[PDB]
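Form deposited in one PDB entry, single chain, as structure tokens, below.
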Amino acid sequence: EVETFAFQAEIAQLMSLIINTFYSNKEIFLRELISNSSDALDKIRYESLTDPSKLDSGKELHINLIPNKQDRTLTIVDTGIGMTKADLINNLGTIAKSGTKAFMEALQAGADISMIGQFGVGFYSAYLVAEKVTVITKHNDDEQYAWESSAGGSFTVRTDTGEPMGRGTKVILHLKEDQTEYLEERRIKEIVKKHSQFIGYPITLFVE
């Protein structure tokens, strides 16, 4: 069943900072998560220009936004390259130790939280609006895994059973009680239009 890991001290810190720092422009979380999905989809793309059997786990390269009012969740699904178990543990494939260093320094020197994606740690912006984040992932080589964290210094990794996905990553944001605006069609559309309107892959906003 479930393995528990300690975040590296630098990530544990960034996350406390993201969670605790007063910052009203929370919406940038969606641009950062769509920008990582797009990066993951560029990667599966690049790979398949030399090995087309890579697209056998699925040819459609896209991004879905799925809000669920009853579960209070907003899910970003992509059919990107996915992460193997080691990717997920090595904090979701990021240089997060060195990025938090560069980021926390960039903040000292006049940056604001909205620039987080320049240091390749934009994922953690999910903790502006979510109390809990589950990342379900499937890379061609490996199993389907679930990663989960409610911050506080640890995360879990397990094998995910059932809901097979073929290839990619889902980020499920369990929203905080007072960030439910991010479940509204109108607000999601406004934010994609403000910050993500020239992404290179179709983004579909699901209706409830």
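Heads up, when I say rigid core I mean the largest set of C-alphas that superpose within 1.5 Å between the two forms. The numbering used is simple: start at 1 and walk along the sequence shown.
The same protein has a further form, the form deposited in another entry, not shown here; the description that follows concerns it.
For the residue set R167, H174, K54, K170, core-aligned C-alpha shifts between the shown form and the other one reach 2 angstroms or more at a single site, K54. Put the two forms on the same core and the Cα of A109 is off by 2 Å or more between the shown form and the other one. In the core-superposed comparison between the shown form and the other one, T94 has its Cα shifted by at least 2 Å. If you compare C-alpha positions, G93 and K176 are 3 angstroms or more closer together in that other deposited form than in the form on display. Between this form and the other one, the CA-CA gap for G93 and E148 narrows by 3 Å or more, being smaller in that other deposited form.
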